[PDB]
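> This one's a deposited entry, sequence included:
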Amino acid sequence: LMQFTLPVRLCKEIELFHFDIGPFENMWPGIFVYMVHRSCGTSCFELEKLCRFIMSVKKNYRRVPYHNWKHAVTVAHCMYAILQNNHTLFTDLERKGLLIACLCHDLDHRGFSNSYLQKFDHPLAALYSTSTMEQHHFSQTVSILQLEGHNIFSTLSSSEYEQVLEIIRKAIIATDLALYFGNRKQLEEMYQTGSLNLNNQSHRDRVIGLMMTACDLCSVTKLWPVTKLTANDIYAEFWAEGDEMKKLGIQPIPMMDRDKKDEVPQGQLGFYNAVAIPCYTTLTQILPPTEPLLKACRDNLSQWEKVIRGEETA
Ligand SMILES: Cn1nc(-c2ccccn2)cc1NC(=O)c1nc(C2CC2)ccc1Nc1cncnc1
Ligand SMILES: [Mg+2]
Ligand SMILES: [Zn+2]
């Protein structure tokens, strides 16, 4: 066989939840295949269809500041770490589908929210009236699968193929944060009451959804310098959106207004308390070995407090 291998530093550190995939774009396909060979197995996908599918996916990500090809691989790496430290809980189809869902989850993102598409009257908002962007990301995933030499799920049965596409579809839709609030409430109650059942498909669906939120936000779970530099990239997109809102003659919400640059630390504080902490808390409860995502979220929360109190710069 041919195994994929990484330099010694990468081979060890890719196992830590807080691994940063680095600034060399040409290493990222290599890193993703390695993660698939170790979580799934070297037999899950024909290497030549994978390589062709990966490079077609890369080509349909845009060069936007945050929702880009580096984000896709970073989210997949977080899923890799959740999957490797909970290896007894997931099926063969789920390992296969969820890494792929993560790589494809923001395909053809232009840096604008579902709200902007609705106010702009983008054609996609008439096609898909809710989770607009997320339904487009899936649709693009399907397009690429249906290119010649690109069906990585060729070896699967007719009914398996349909299950793995349903796993991918729900996983991608679950990255609509407007759906996370509801999904986290439900999982919290089910966990506190004792009803949560990993053999119930609609319960599996909710947990995978929560893993997808955790993976999608995992930028708040990195070493402080990575988390701080990554917040520049997200605000660059938010502020460009708020400018386009103002051009429609609409006041953007505060997080998208570049005039409120100085309230960024206070907004981060808001985001960690209302969203990130709850998220990593509930995921730790359901999946104890994902502890370090919560620990590292709390540490960066503590860092943002330092920034507000003038004991840190940004
Ligand atoms: C709710 N909210 N309010 C403010 C705010 C409010 C007022 C003033 C200034 N900012 C900012 C935000 N959201 C995020 O910061 C944020 N959102 C999202 C998902 C799109 C939702 C993902 C990540 C986020 N952060 C982040 C990402 N990657 C590294 N580090 C941090
Ligand atoms: Mg998205
Ligand atoms: Zn994303």
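Alright, I've got the coordinates. Numbers count the residues shown, from 1 in each chain. Ligands and ions are numbered 1, 2, ... in the order given.
> Name the residues of the protein found near ligand 2, please.
Counting by C-beta under 5 Å from the ion, the positions of the chain adjacent to ligand 2 are 106, 175. Backbone N, C-alpha and C define where each C-beta goes, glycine included.
> let's see 8 Å
67, 105, 106, 109, 133, 134, 137, 175, 176, 216 (C-beta under 8 Å from the ion).
> who wins for neighbours among these?
residue 105 (27 neighbours; other C-beta atoms under 10 Å).
> Remind me which helix or strand the residue of the chain at minimum distance from ligand 1 belongs to.
At 2.2 Å from ligand 1, residue 267 is the closest residue in the chain, using C-beta to the nearest ligand atom. Counting by DSSP states H and E, the element that carries residue 267 is helix 264-271.
> Mind listing residues that contact the next helix or strand after that helix?
Next helix or strand after helix 264-271 toward the C-terminus (DSSP H and E): helix 277-286. For helix 277-286, the surrounding residues in contact (C-beta atoms under 8 Å, 6 or more residues apart in numbering) are 180, 184, 187-188, 191, 196, 207, 210-211, 213-214, 217, 221, 290-291, 293-294, 297-298, 301.
> Swap in 6 Å and give it another go.
For helix 277-286, contacts defined as C-beta atoms under 6 Å, 6 or more residues apart in numbering pick out 184, 187-188, 191, 207, 210, 213-214, 290-291, 293-294, 297.
> which residues in the stretch 1-150 of the chain form helices?
Counting by DSSP state H, counting those that start in this stretch, the stretch 1-150 of the chain has these helices, from start to end: 8-13, 28-39, 47-59, 69-84, 92-104, 114-120, 124-127, 132-145.
> Just confirm yes or no for the fourth one near ligand 1.
By that I understand helix 69-84. No: contact of helix 69-84 with ligand 1 (C-beta under 6 Å from any ligand atom) is absent, the minimum separation being 9.3 Å.
> got the angle between that helix and helix 28-39?
Helix 69-84 and helix 28-39 are oriented at 10 degrees to each other (axes from the mean of the first three to the mean of the last three C-alpha atoms, to 10 degrees).
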